[PDB]
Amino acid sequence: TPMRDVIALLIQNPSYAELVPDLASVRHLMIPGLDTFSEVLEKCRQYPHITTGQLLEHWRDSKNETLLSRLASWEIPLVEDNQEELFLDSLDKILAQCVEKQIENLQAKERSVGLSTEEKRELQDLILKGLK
């Protein structure tokens, strides 16, 4: 549920998309919820000043409407002071999870058929600086 946390926080604060690094290189990973996260991030990226309410309208009559409506209320605290820090913190856990899984996939392919030079620069960048 650090995934659902990060989804809930981003729906509640569409701005926070700015704080998310480009995920193109990890978005393929089969980590539960990553796909819902990407699809939400994408709209927040196209509409940087959107409100939560305006954002939910984009899921009218869609697969995840119910889930997303619920998460729009999930654990909103009385005082909003430390919302960013909680997001960044939960984001990092998910990012580290992506990094780790992408390292495993690249390494599996390395054993199996070998890597191209692009994949190898990537694999080592992932080890060197995570993400970031």
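The first residue of the sequence shown is number 1, and the count goes up from there.
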item: 63-71 or 79-87, whichever carries the higher mean Cα B-factor; value: 79-87
item: Of 88-96 and 36-44, the one with larger mean CA B-factor; value: 88-96
item: Ranked against its chain, the third holding the CA B-factor of residue 26; value: middle
item: Lowest, middle or highest third - CA B-factor, residue 112; value: highest
item: Residue 17 - Cα temperature factor, lowest/middle/highest third of chain; value: highest
